[PDB]
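Below is one structure, written out as structure tokens; comments come after it.
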Amino acid sequence: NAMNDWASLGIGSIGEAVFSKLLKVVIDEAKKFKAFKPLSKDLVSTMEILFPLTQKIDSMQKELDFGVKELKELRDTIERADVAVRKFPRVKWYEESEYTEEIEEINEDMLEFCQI
Amino acid sequence: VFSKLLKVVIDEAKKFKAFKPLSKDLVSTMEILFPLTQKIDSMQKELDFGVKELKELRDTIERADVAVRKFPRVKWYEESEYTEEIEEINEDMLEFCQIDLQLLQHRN
Amino acid sequence: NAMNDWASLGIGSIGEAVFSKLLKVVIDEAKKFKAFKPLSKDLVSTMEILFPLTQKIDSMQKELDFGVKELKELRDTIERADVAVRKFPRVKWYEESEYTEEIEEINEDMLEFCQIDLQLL
């Protein structure tokens, strides 16, 4: 509906969560960059492991208070991921290592966000 | 004729001097294949280009053509992916450098 | 001053010496490419250690024969650094090593100019 379109734009939560639809968008953009493996491979792998969790985190929202620091951070981390694959076309050869670290941090954060 | 077709690709690749696989690896070994490509044309009537060996040389010589032509658009992330592409073309071309034209001539 | 604006255009000296002002534009420009360490880290380090020498040259220029190998080549090397850093937006990914060799060379020359004793004129 509406928040589904907000999710396409990269906004994961507006006092309600559509994390599942946002993660699908991020996965589909990162899948496009076959040759950059930190995206196409590592991130798209660890993101795909979280897609089921987000599916459930979408069917059961009232029970949880997304106010919790960890829950807020999950949206924040998923939006960080979106703004990072979206800008990959504009990333310069000299920014490879800088950009790779960023993608790796977004990778690490997302994993510990499944230890729960 | 296709000695000419090797020249146009020897020409384009030499222009990108800083990228060694093109300017120091491929063009080094398109240069050995150059006298031989010339000889093939001196013998065009006698030889049958229908032969598998010559057919492949046409295919590799254009495979090389597409790669050098498309270089200006290879993005930094596509580097290693591209370096194998041409270093696999540079493989097939080196082994073409070690052929007996006389053997094919004898085989009609 | 008009002299400082000339330093900004990449001029190191007209009659007057402006080594320290020009060397700061080149530090600032080099600082813009934070991700490219040979520029933003390696070169800026050397340039910062050269900066006090240039500052002294600028204050005591009334007393220096600027027609000497050492002072002319310093000025020239600072200018060499300027066009080398203004040129980075146009180096392509397959040129990284050539550009790095160019910068490493300027870096070397700029370090060597730190040995200068300003008193020996």
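Numbering starts fresh at 1 for the residues of each chain in the structure tokens, the chains themselves are lettered A, B, ... in the order given, and ligands are numbered from 1 as they appear.
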Note to self: Could you list, as a PyMOL selection string, every residue within 12 Å of residue C:49, counting only C-alpha atoms and ignoring same-chain residues fewer than 2 positions away?
What the structure shows: chain C and resi 20+23-24+27+42-47+51-55+107+110-115
Give me a file of those residues, with N, CA, C and O atoms, as a tab-separated table (two decimals), in the first residue's frame.
```
chain	number	residue	atom	x	y	z
C	20	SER	N	54.75	29.51	1.17
C	20	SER	CA	53.94	28.97	2.29
C	20	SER	C	52.46	29.04	1.94
C	20	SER	O	51.72	28.15	2.33
C	23	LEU	N	51.74	26.41	-0.78
C	23	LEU	CA	51.87	25.05	-0.20
C	23	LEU	C	50.63	24.69	0.62
C	23	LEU	O	50.28	23.51	0.63
C	24	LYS	N	49.96	25.66	1.23
C	24	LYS	CA	48.71	25.40	1.98
C	24	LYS	C	47.56	25.06	1.01
C	24	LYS	O	46.75	24.19	1.36
C	27	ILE	N	48.07	21.57	0.24
C	27	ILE	CA	47.75	20.68	1.38
C	27	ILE	C	46.23	20.53	1.39
C	27	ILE	O	45.77	19.39	1.54
C	42	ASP	N	50.08	10.10	2.89
C	42	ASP	CA	51.52	10.14	2.56
C	42	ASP	C	51.92	11.56	2.15
C	42	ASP	O	52.81	12.11	2.84
C	43	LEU	N	51.38	12.14	1.10
C	43	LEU	CA	51.88	13.47	0.65
C	43	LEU	C	51.61	14.55	1.71
C	43	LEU	O	52.53	15.29	2.08
C	44	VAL	N	50.39	14.66	2.20
C	44	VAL	CA	50.07	15.73	3.17
C	44	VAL	C	51.07	15.68	4.34
C	44	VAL	O	51.43	16.77	4.77
C	45	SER	N	51.51	14.51	4.82
C	45	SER	CA	52.49	14.41	5.93
C	45	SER	C	53.77	15.17	5.54
C	45	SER	O	54.26	16.07	6.33
C	46	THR	N	54.29	14.83	4.37
C	46	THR	CA	55.54	15.43	3.91
C	46	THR	C	55.29	16.94	3.80
C	46	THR	O	56.16	17.74	4.20
C	47	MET	N	54.16	17.31	3.21
C	47	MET	CA	53.95	18.75	2.92
C	47	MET	C	53.88	19.50	4.25
C	47	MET	O	54.39	20.58	4.29
C	51	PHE	N	56.10	22.64	5.42
C	51	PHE	CA	55.38	23.92	5.69
C	51	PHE	C	56.17	24.92	6.54
C	51	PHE	O	56.15	26.09	6.22
C	52	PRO	N	56.78	24.59	7.70
C	52	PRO	CA	57.54	25.59	8.44
C	52	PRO	C	58.70	26.20	7.65
C	52	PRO	O	58.93	27.39	7.79
C	53	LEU	N	59.42	25.38	6.86
C	53	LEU	CA	60.55	25.88	6.02
C	53	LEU	C	60.03	26.94	5.05
C	53	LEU	O	60.65	28.03	4.94
C	54	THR	N	58.92	26.65	4.38
C	54	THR	CA	58.31	27.60	3.43
C	54	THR	C	57.91	28.87	4.20
C	54	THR	O	58.10	29.98	3.65
C	55	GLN	N	57.36	28.72	5.39
C	55	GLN	CA	56.94	29.89	6.19
C	55	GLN	C	58.16	30.77	6.44
C	55	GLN	O	58.04	32.02	6.26
C	107	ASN	N	56.75	13.54	-3.66
C	107	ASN	CA	56.88	13.33	-2.20
C	107	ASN	C	58.39	13.30	-1.85
C	107	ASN	O	58.80	14.01	-0.94
C	110	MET	N	60.09	16.62	-2.21
C	110	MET	CA	59.66	17.59	-1.17
C	110	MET	C	60.36	17.27	0.16
C	110	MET	O	60.80	18.19	0.86
C	111	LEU	N	60.48	16.01	0.50
C	111	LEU	CA	61.23	15.62	1.70
C	111	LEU	C	62.64	16.15	1.58
C	111	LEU	O	63.19	16.62	2.63
C	112	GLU	N	63.27	15.98	0.42
C	112	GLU	CA	64.70	16.34	0.29
C	112	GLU	C	64.86	17.83	0.56
C	112	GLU	O	65.77	18.18	1.26
C	113	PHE	N	63.91	18.64	0.13
C	113	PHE	CA	63.96	20.11	0.33
C	113	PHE	C	63.83	20.49	1.81
C	113	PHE	O	64.25	21.56	2.11
C	114	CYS	N	63.38	19.62	2.70
C	114	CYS	CA	63.41	19.87	4.16
C	114	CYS	C	64.84	20.00	4.72
C	114	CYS	O	65.02	20.65	5.73
C	115	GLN	N	65.86	19.49	4.06
C	115	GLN	CA	67.24	19.51	4.63
C	115	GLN	C	67.79	20.95	4.55
C	115	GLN	O	68.70	21.24	5.32
```
Notebook entry, point to check: How would you write, as number ranges by chain, the set of residues in chain A that DSSP gives as helix (DSSP H, G or I)?
Noted result: A: 2-8, 19-32, 37-59, 69-86, 88-90, 93-112
Each residue of chain C with at least one atom at most 6 Å from chain B should appear once, together with its nearest atom pair and the corresponding distance in Å (one decimal); atoms considered: only C-alpha atoms; ordering: chain, then increasing residue number; output as a tab-separated table.
```
residue	atom	partner	partner_atom	distance
C:93	CA	B:76	CA	5.9
C:94	CA	B:19	CA	5.6
C:95	CA	B:18	CA	5.7
```
Considering only C-alpha atoms, extract the chain A residues located within 6 Å of chain B and return them as a short mmCIF file (atom, residue, chain, number, x, y, z; two decimals) with N, CA and C atoms, in the first residue's frame.
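result12.cif, written as the output of this step:
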```
data_model
loop_
_atom_site.label_atom_id
_atom_site.label_comp_id
_atom_site.auth_asym_id
_atom_site.auth_seq_id
_atom_site.Cartn_x
_atom_site.Cartn_y
_atom_site.Cartn_z
N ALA A 35 29.76 -8.39 -10.14
CA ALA A 35 31.24 -8.43 -10.03
C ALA A 35 31.73 -7.93 -8.65
N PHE A 36 31.08 -6.96 -8.01
CA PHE A 36 31.49 -6.53 -6.65
C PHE A 36 30.98 -7.59 -5.68
N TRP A 93 37.05 4.64 -7.71
CA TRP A 93 38.04 3.55 -7.55
C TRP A 93 38.85 3.76 -6.27
#
```
Next item on the list: Between atom CA of residue A:111 and atom CA of residue A:85, measure the distance and give it in Å to one decimal.
Entry: 17.7 Å
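Residues from chain C found within 12 Å of chain A are residues 33, 34, 35, 36, 37, 38, 39, 40, 88, 89, 90, 91, 92, 93, 94, 95, 96, 97 and 100 of chain C, counting only C-alpha atoms.
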Please produce an output containing N, CA, C and O atoms for each residue in the selection, written as a CSV table (one decimal), in the first residue's frame.
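Saved result, result.csv, follows:
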```csv
chain,number,residue,atom,x,y,z
C,33,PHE,N,40.8,14.4,-1.1
C,33,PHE,CA,40.7,13.0,-1.4
C,33,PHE,C,41.1,12.2,-0.2
C,33,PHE,O,42.0,11.5,-0.3
C,34,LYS,N,40.3,12.2,0.8
C,34,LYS,CA,40.5,11.5,2.1
C,34,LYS,C,40.8,10.0,1.8
C,34,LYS,O,41.6,9.4,2.6
C,35,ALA,N,40.2,9.4,0.9
C,35,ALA,CA,40.3,7.9,0.7
C,35,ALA,C,41.6,7.5,0.0
C,35,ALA,O,42.0,6.4,0.2
C,36,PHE,N,42.2,8.4,-0.7
C,36,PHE,CA,43.4,8.1,-1.5
C,36,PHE,C,44.6,8.4,-0.7
C,36,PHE,O,45.1,9.5,-0.8
C,37,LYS,N,45.1,7.5,0.1
C,37,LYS,CA,46.1,7.7,1.1
C,37,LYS,C,47.4,8.3,0.5
C,37,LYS,O,47.9,9.2,1.1
C,38,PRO,N,47.9,7.9,-0.6
C,38,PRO,CA,49.1,8.4,-1.2
C,38,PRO,C,49.0,10.0,-1.3
C,38,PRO,O,50.0,10.6,-1.1
C,39,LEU,N,47.8,10.5,-1.5
C,39,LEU,CA,47.6,12.0,-1.6
C,39,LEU,C,47.4,12.5,-0.1
C,39,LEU,O,48.1,13.3,0.3
C,40,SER,N,46.3,12.0,0.5
C,40,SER,CA,45.7,12.7,1.7
C,40,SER,C,46.5,12.3,3.0
C,40,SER,O,46.4,13.1,3.9
C,88,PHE,N,43.9,14.8,-10.2
C,88,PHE,CA,43.5,13.5,-9.7
C,88,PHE,C,42.1,13.1,-10.1
C,88,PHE,O,41.9,12.0,-10.5
C,89,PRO,N,41.2,14.1,-10.2
C,89,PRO,CA,39.8,13.7,-10.7
C,89,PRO,C,39.8,13.1,-12.1
C,89,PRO,O,38.8,12.7,-12.5
C,90,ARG,N,40.9,13.2,-12.8
C,90,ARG,CA,40.9,12.7,-14.2
C,90,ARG,C,41.8,11.4,-14.3
C,90,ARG,O,41.8,10.8,-15.4
C,91,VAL,N,42.5,11.0,-13.3
C,91,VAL,CA,43.2,9.7,-13.4
C,91,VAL,C,42.1,8.6,-13.3
C,91,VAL,O,41.2,8.7,-12.5
C,92,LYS,N,42.3,7.6,-14.1
C,92,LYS,CA,41.3,6.5,-14.2
C,92,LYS,C,41.8,5.3,-13.4
C,92,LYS,O,43.0,5.3,-13.0
C,93,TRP,N,41.0,4.3,-13.1
C,93,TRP,CA,41.4,3.2,-12.1
C,93,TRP,C,42.6,2.4,-12.7
C,93,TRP,O,43.3,1.9,-11.9
C,94,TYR,N,42.8,2.4,-14.0
C,94,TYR,CA,43.9,1.6,-14.6
C,94,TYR,C,45.2,2.4,-14.5
C,94,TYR,O,46.2,1.9,-14.8
C,95,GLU,N,45.1,3.7,-14.1
C,95,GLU,CA,46.3,4.5,-14.0
C,95,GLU,C,46.8,4.6,-12.5
C,95,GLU,O,47.7,5.4,-12.3
C,96,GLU,N,46.1,4.0,-11.5
C,96,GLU,CA,46.5,4.3,-10.1
C,96,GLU,C,48.0,4.2,-10.0
C,96,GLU,O,48.6,5.1,-9.5
C,97,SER,N,48.7,3.1,-10.4
C,97,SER,CA,50.1,3.0,-10.2
C,97,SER,C,50.9,4.1,-10.8
C,97,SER,O,51.8,4.6,-10.2
C,100,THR,N,50.5,7.1,-8.7
C,100,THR,CA,51.2,6.9,-7.4
C,100,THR,C,52.7,7.1,-7.6
C,100,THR,O,53.2,7.8,-6.7
```
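For residue A:49, the residues within 12 Å (counting only C-alpha atoms, excluding itself and residues fewer than 6 positions away along the chain) are residues 20, 23, 24, 27, 42, 43, 55, 107, 110, 111, 112, 113, 114 and 115 of chain A.
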Written file, previous selection with N, CA and C atoms, as a PDB file, in the first residue's frame:
```
ATOM      1  N   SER A  20      10.463  -6.170   5.884  1.00  0.00           N
ATOM      2  CA  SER A  20      10.526  -7.278   4.900  1.00  0.00           C
ATOM      3  C   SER A  20      10.553  -6.717   3.476  1.00  0.00           C
ATOM      4  N   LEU A  23      13.935  -4.901   2.810  1.00  0.00           N
ATOM      5  CA  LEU A  23      15.107  -5.795   2.652  1.00  0.00           C
ATOM      6  C   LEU A  23      15.065  -6.410   1.258  1.00  0.00           C
ATOM      7  N   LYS A  24      13.877  -6.694   0.718  1.00  0.00           N
ATOM      8  CA  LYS A  24      13.750  -7.301  -0.630  1.00  0.00           C
ATOM      9  C   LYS A  24      14.344  -6.310  -1.624  1.00  0.00           C
ATOM     10  N   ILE A  27      18.135  -6.204  -1.378  1.00  0.00           N
ATOM     11  CA  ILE A  27      18.691  -7.475  -1.931  1.00  0.00           C
ATOM     12  C   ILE A  27      18.683  -7.393  -3.454  1.00  0.00           C
ATOM     13  N   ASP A  42      28.707 -11.449  -0.187  1.00  0.00           N
ATOM     14  CA  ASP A  42      28.667 -11.432   1.300  1.00  0.00           C
ATOM     15  C   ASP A  42      27.391 -10.753   1.791  1.00  0.00           C
ATOM     16  N   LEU A  43      27.105  -9.550   1.334  1.00  0.00           N
ATOM     17  CA  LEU A  43      25.956  -8.820   1.896  1.00  0.00           C
ATOM     18  C   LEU A  43      24.699  -9.564   1.484  1.00  0.00           C
ATOM     19  N   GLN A  55      10.310 -11.182   7.868  1.00  0.00           N
ATOM     20  CA  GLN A  55       8.951 -11.645   7.496  1.00  0.00           C
ATOM     21  C   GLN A  55       8.110 -11.804   8.775  1.00  0.00           C
ATOM     22  N   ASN A 107      27.312  -5.452   7.222  1.00  0.00           N
ATOM     23  CA  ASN A 107      27.216  -6.938   7.260  1.00  0.00           C
ATOM     24  C   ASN A 107      27.251  -7.448   8.727  1.00  0.00           C
ATOM     25  N   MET A 110      24.159  -6.541  10.981  1.00  0.00           N
ATOM     26  CA  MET A 110      22.975  -7.341  10.570  1.00  0.00           C
ATOM     27  C   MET A 110      23.054  -8.771  11.140  1.00  0.00           C
ATOM     28  N   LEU A 111      24.241  -9.344  11.303  1.00  0.00           N
ATOM     29  CA  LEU A 111      24.369 -10.736  11.777  1.00  0.00           C
ATOM     30  C   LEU A 111      23.997 -10.788  13.246  1.00  0.00           C
ATOM     31  N   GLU A 112      24.624  -9.955  14.074  1.00  0.00           N
ATOM     32  CA  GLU A 112      24.300  -9.915  15.526  1.00  0.00           C
ATOM     33  C   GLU A 112      22.821  -9.581  15.722  1.00  0.00           C
ATOM     34  N   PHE A 113      22.173  -9.027  14.706  1.00  0.00           N
ATOM     35  CA  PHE A 113      20.732  -8.679  14.763  1.00  0.00           C
ATOM     36  C   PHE A 113      19.894  -9.931  14.476  1.00  0.00           C
ATOM     37  N   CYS A 114      20.538 -11.089  14.487  1.00  0.00           N
ATOM     38  CA  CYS A 114      19.820 -12.376  14.342  1.00  0.00           C
ATOM     39  C   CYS A 114      20.195 -13.282  15.518  1.00  0.00           C
ATOM     40  N   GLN A 115      21.129 -12.842  16.364  1.00  0.00           N
ATOM     41  CA  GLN A 115      21.502 -13.595  17.587  1.00  0.00           C
ATOM     42  C   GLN A 115      20.324 -13.486  18.560  1.00  0.00           C
TER      43      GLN A 115
END
```
Note to self: So that I can see what lies close to residue B:5, please list as a PyMOL selection string the residues with an atom at most 12 Å from it, counting only C-alpha atoms and leaving out residues fewer than 2 positions away in the same chain.
What the structure shows: chain B and resi 1-3+7-12+30+33-34+37-38+41+57-66
Dump N, CA, C and O atoms for the selected residues as an mmCIF file, in the first residue's frame?
```
data_model
loop_
_atom_site.group_PDB
_atom_site.id
_atom_site.type_symbol
_atom_site.label_atom_id
_atom_site.label_comp_id
_atom_site.auth_asym_id
_atom_site.auth_seq_id
_atom_site.Cartn_x
_atom_site.Cartn_y
_atom_site.Cartn_z
ATOM 1 N N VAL B 1 40.784 -11.429 -46.201
ATOM 2 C CA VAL B 1 41.924 -10.836 -45.443
ATOM 3 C C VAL B 1 41.549 -10.761 -43.955
ATOM 4 O O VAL B 1 40.368 -10.546 -43.634
ATOM 5 N N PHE B 2 42.505 -10.982 -43.059
ATOM 6 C CA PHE B 2 42.262 -10.721 -41.620
ATOM 7 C C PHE B 2 43.567 -10.333 -40.922
ATOM 8 O O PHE B 2 43.543 -10.113 -39.708
ATOM 9 N N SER B 3 44.668 -10.183 -41.657
ATOM 10 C CA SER B 3 45.902 -9.579 -41.108
ATOM 11 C C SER B 3 45.542 -8.155 -40.697
ATOM 12 O O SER B 3 46.052 -7.702 -39.676
ATOM 13 N N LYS B 7 45.355 -5.894 -37.129
ATOM 14 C CA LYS B 7 46.049 -4.590 -36.980
ATOM 15 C C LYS B 7 45.129 -3.643 -36.211
ATOM 16 O O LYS B 7 45.619 -3.001 -35.272
ATOM 17 N N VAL B 8 43.855 -3.558 -36.595
ATOM 18 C CA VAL B 8 42.900 -2.601 -35.976
ATOM 19 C C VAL B 8 42.801 -2.912 -34.487
ATOM 20 O O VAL B 8 42.591 -2.029 -33.722
ATOM 21 N N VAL B 9 42.922 -4.148 -34.079
ATOM 22 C CA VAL B 9 42.892 -4.487 -32.633
ATOM 23 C C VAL B 9 44.278 -4.306 -32.032
ATOM 24 O O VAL B 9 44.345 -3.902 -30.907
ATOM 25 N N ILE B 10 45.361 -4.545 -32.756
ATOM 26 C CA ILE B 10 46.704 -4.152 -32.226
ATOM 27 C C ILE B 10 46.702 -2.622 -32.060
ATOM 28 O O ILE B 10 47.353 -2.112 -31.127
ATOM 29 N N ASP B 11 45.982 -1.900 -32.920
ATOM 30 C CA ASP B 11 46.016 -0.415 -32.889
ATOM 31 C C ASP B 11 45.293 0.065 -31.629
ATOM 32 O O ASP B 11 45.899 0.803 -30.851
ATOM 33 N N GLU B 12 44.049 -0.372 -31.440
ATOM 34 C CA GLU B 12 43.191 0.125 -30.357
ATOM 35 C C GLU B 12 43.847 -0.188 -29.012
ATOM 36 O O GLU B 12 43.875 0.673 -28.140
ATOM 37 N N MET B 30 49.885 -10.385 -29.730
ATOM 38 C CA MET B 30 49.191 -10.230 -31.025
ATOM 39 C C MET B 30 50.269 -9.886 -32.051
ATOM 40 O O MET B 30 49.968 -9.859 -33.261
ATOM 41 N N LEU B 33 51.632 -13.210 -33.496
ATOM 42 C CA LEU B 33 50.554 -13.773 -34.334
ATOM 43 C C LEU B 33 50.436 -12.940 -35.614
ATOM 44 O O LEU B 33 49.743 -13.398 -36.564
ATOM 45 N N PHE B 34 51.073 -11.759 -35.631
ATOM 46 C CA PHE B 34 50.970 -10.817 -36.781
ATOM 47 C C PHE B 34 51.653 -11.387 -38.026
ATOM 48 O O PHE B 34 50.949 -11.573 -38.999
ATOM 49 N N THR B 37 49.527 -14.177 -39.284
ATOM 50 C CA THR B 37 48.228 -13.773 -39.870
ATOM 51 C C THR B 37 48.535 -13.283 -41.286
ATOM 52 O O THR B 37 47.766 -13.614 -42.186
ATOM 53 N N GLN B 38 49.652 -12.588 -41.468
ATOM 54 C CA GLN B 38 50.033 -12.080 -42.806
ATOM 55 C C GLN B 38 50.209 -13.274 -43.745
ATOM 56 O O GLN B 38 49.672 -13.235 -44.868
ATOM 57 N N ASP B 41 47.142 -14.933 -45.229
ATOM 58 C CA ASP B 41 46.541 -14.184 -46.358
ATOM 59 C C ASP B 41 47.354 -14.421 -47.633
ATOM 60 O O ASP B 41 46.720 -14.538 -48.708
ATOM 61 N N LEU B 57 40.456 -19.078 -35.117
ATOM 62 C CA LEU B 57 41.319 -17.867 -35.137
ATOM 63 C C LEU B 57 40.441 -16.643 -35.450
ATOM 64 O O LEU B 57 40.644 -15.590 -34.798
ATOM 65 N N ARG B 58 39.487 -16.786 -36.377
ATOM 66 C CA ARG B 58 38.535 -15.684 -36.673
ATOM 67 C C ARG B 58 37.791 -15.363 -35.371
ATOM 68 O O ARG B 58 37.636 -14.178 -35.047
ATOM 69 N N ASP B 59 37.330 -16.388 -34.657
ATOM 70 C CA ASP B 59 36.497 -16.179 -33.439
ATOM 71 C C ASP B 59 37.329 -15.514 -32.349
ATOM 72 O O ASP B 59 36.835 -14.536 -31.794
ATOM 73 N N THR B 60 38.543 -15.996 -32.098
ATOM 74 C CA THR B 60 39.443 -15.377 -31.081
ATOM 75 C C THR B 60 39.800 -13.958 -31.526
ATOM 76 O O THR B 60 39.807 -13.066 -30.671
ATOM 77 N N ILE B 61 40.066 -13.748 -32.816
ATOM 78 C CA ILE B 61 40.522 -12.412 -33.293
ATOM 79 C C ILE B 61 39.376 -11.420 -33.083
ATOM 80 O O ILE B 61 39.686 -10.270 -32.793
ATOM 81 N N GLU B 62 38.108 -11.841 -33.152
ATOM 82 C CA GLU B 62 37.031 -10.862 -32.847
ATOM 83 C C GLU B 62 36.775 -10.847 -31.344
ATOM 84 O O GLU B 62 36.441 -9.796 -30.817
ATOM 85 N N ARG B 63 36.920 -11.977 -30.677
ATOM 86 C CA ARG B 63 36.791 -11.995 -29.209
ATOM 87 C C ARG B 63 37.705 -10.894 -28.680
ATOM 88 O O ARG B 63 37.245 -10.088 -27.834
ATOM 89 N N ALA B 64 38.949 -10.864 -29.161
ATOM 90 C CA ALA B 64 39.934 -9.824 -28.800
ATOM 91 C C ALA B 64 39.346 -8.467 -29.180
ATOM 92 O O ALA B 64 39.495 -7.481 -28.426
ATOM 93 N N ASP B 65 38.691 -8.396 -30.326
ATOM 94 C CA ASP B 65 38.227 -7.078 -30.829
ATOM 95 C C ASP B 65 37.220 -6.493 -29.837
ATOM 96 O O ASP B 65 37.356 -5.339 -29.466
ATOM 97 N N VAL B 66 36.234 -7.277 -29.430
ATOM 98 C CA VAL B 66 35.142 -6.776 -28.556
ATOM 99 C C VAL B 66 35.780 -6.275 -27.261
ATOM 100 O O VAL B 66 35.368 -5.193 -26.799
#
```
Notebook entry, point to check: What is the distance between atom CA of residue A:48 and atom CA of residue A:78, in Å to one decimal?
Noted result: 12.3 Å
Check: Within 12 Å of residue A:87, counting only C-alpha atoms, which residues qualify if same-chain residues fewer than 3 places away don't, as a ChimeraX atom specification?
Finding: /A:26,29-30,33,80-84,90-92,95,99,103
Write to file, as a PDB file, in the first residue's frame, the residues of the selection just made, with N, CA and C atoms.
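Output file again12.pdb follows:
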```
ATOM      1  N   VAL A  26      16.565  -3.955  -1.076  1.00  0.00           N
ATOM      2  CA  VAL A  26      18.040  -3.814  -0.923  1.00  0.00           C
ATOM      3  C   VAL A  26      18.699  -5.020  -1.579  1.00  0.00           C
ATOM      4  N   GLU A  29      18.777  -4.733  -5.369  1.00  0.00           N
ATOM      5  CA  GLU A  29      19.732  -3.760  -5.951  1.00  0.00           C
ATOM      6  C   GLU A  29      21.128  -4.371  -5.859  1.00  0.00           C
ATOM      7  N   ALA A  30      21.460  -4.988  -4.727  1.00  0.00           N
ATOM      8  CA  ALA A  30      22.814  -5.526  -4.491  1.00  0.00           C
ATOM      9  C   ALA A  30      23.078  -6.716  -5.415  1.00  0.00           C
ATOM     10  N   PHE A  33      24.877  -6.017  -8.825  1.00  0.00           N
ATOM     11  CA  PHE A  33      26.355  -5.776  -8.935  1.00  0.00           C
ATOM     12  C   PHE A  33      27.131  -7.097  -8.878  1.00  0.00           C
ATOM     13  N   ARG A  80      20.634   2.003   6.393  1.00  0.00           N
ATOM     14  CA  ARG A  80      22.050   2.300   6.117  1.00  0.00           C
ATOM     15  C   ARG A  80      22.443   1.443   4.919  1.00  0.00           C
ATOM     16  N   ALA A  81      22.040   0.172   4.955  1.00  0.00           N
ATOM     17  CA  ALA A  81      22.353  -0.784   3.872  1.00  0.00           C
ATOM     18  C   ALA A  81      21.759  -0.275   2.569  1.00  0.00           C
ATOM     19  N   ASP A  82      20.538   0.220   2.615  1.00  0.00           N
ATOM     20  CA  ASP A  82      19.861   0.709   1.392  1.00  0.00           C
ATOM     21  C   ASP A  82      20.622   1.888   0.802  1.00  0.00           C
ATOM     22  N   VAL A  83      21.022   2.825   1.638  1.00  0.00           N
ATOM     23  CA  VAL A  83      21.635   4.060   1.077  1.00  0.00           C
ATOM     24  C   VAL A  83      23.037   3.701   0.574  1.00  0.00           C
ATOM     25  N   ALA A  84      23.571   2.550   0.949  1.00  0.00           N
ATOM     26  CA  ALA A  84      24.950   2.168   0.587  1.00  0.00           C
ATOM     27  C   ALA A  84      24.981   1.393  -0.725  1.00  0.00           C
ATOM     28  N   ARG A  90      28.131   5.473  -7.815  1.00  0.00           N
ATOM     29  CA  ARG A  90      28.865   6.755  -7.665  1.00  0.00           C
ATOM     30  C   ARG A  90      30.159   6.557  -6.865  1.00  0.00           C
ATOM     31  N   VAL A  91      30.507   5.331  -6.559  1.00  0.00           N
ATOM     32  CA  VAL A  91      31.663   5.073  -5.684  1.00  0.00           C
ATOM     33  C   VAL A  91      32.904   5.028  -6.554  1.00  0.00           C
ATOM     34  N   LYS A  92      33.937   5.734  -6.120  1.00  0.00           N
ATOM     35  CA  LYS A  92      35.114   5.962  -6.984  1.00  0.00           C
ATOM     36  C   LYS A  92      36.204   4.919  -6.715  1.00  0.00           C
ATOM     37  N   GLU A  95      37.762   4.893  -3.582  1.00  0.00           N
ATOM     38  CA  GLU A  95      36.913   4.719  -2.367  1.00  0.00           C
ATOM     39  C   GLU A  95      36.597   3.229  -2.158  1.00  0.00           C
ATOM     40  N   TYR A  99      34.675   2.086   1.093  1.00  0.00           N
ATOM     41  CA  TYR A  99      33.292   1.626   0.859  1.00  0.00           C
ATOM     42  C   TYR A  99      33.181   0.188   1.326  1.00  0.00           C
ATOM     43  N   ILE A 103      30.414  -1.527   3.973  1.00  0.00           N
ATOM     44  CA  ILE A 103      29.550  -2.693   3.632  1.00  0.00           C
ATOM     45  C   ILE A 103      29.779  -3.805   4.665  1.00  0.00           C
TER      46      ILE A 103
END
```
Item checked: 12 Å contact set for residue A:59, only C-alpha atoms, chain neighbours under 5 positions out, as a ChimeraX atom specification -> /A:16-20,52-54,64
Hey, can you spit out that residue selection with N, CA and C atoms as a short mmCIF file (atom, residue, chain, number, x, y, z; two decimals), in the first residue's frame?
```
data_model
loop_
_atom_site.label_atom_id
_atom_site.label_comp_id
_atom_site.auth_asym_id
_atom_site.auth_seq_id
_atom_site.Cartn_x
_atom_site.Cartn_y
_atom_site.Cartn_z
N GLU A 16 5.49 2.26 12.18
CA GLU A 16 5.00 0.89 11.88
C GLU A 16 6.11 0.27 11.04
N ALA A 17 6.28 -1.04 11.02
CA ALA A 17 7.48 -1.62 10.36
C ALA A 17 7.13 -2.35 9.06
N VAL A 18 7.89 -2.10 8.00
CA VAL A 18 7.72 -2.84 6.72
C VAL A 18 9.12 -3.32 6.34
N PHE A 19 9.85 -3.86 7.32
CA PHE A 19 11.28 -4.23 7.11
C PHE A 19 11.40 -5.24 5.96
N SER A 20 10.46 -6.17 5.88
CA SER A 20 10.53 -7.28 4.90
C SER A 20 10.55 -6.72 3.48
N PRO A 52 13.77 -14.01 6.33
CA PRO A 52 12.75 -14.71 7.10
C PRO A 52 12.41 -14.06 8.44
N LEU A 53 13.42 -13.62 9.19
CA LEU A 53 13.22 -12.98 10.51
C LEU A 53 12.33 -11.75 10.31
N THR A 54 12.65 -10.95 9.29
CA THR A 54 11.90 -9.71 8.99
C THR A 54 10.48 -10.09 8.60
N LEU A 64 5.72 -6.38 20.35
CA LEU A 64 7.06 -5.79 20.63
C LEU A 64 6.98 -4.26 20.59
#
```
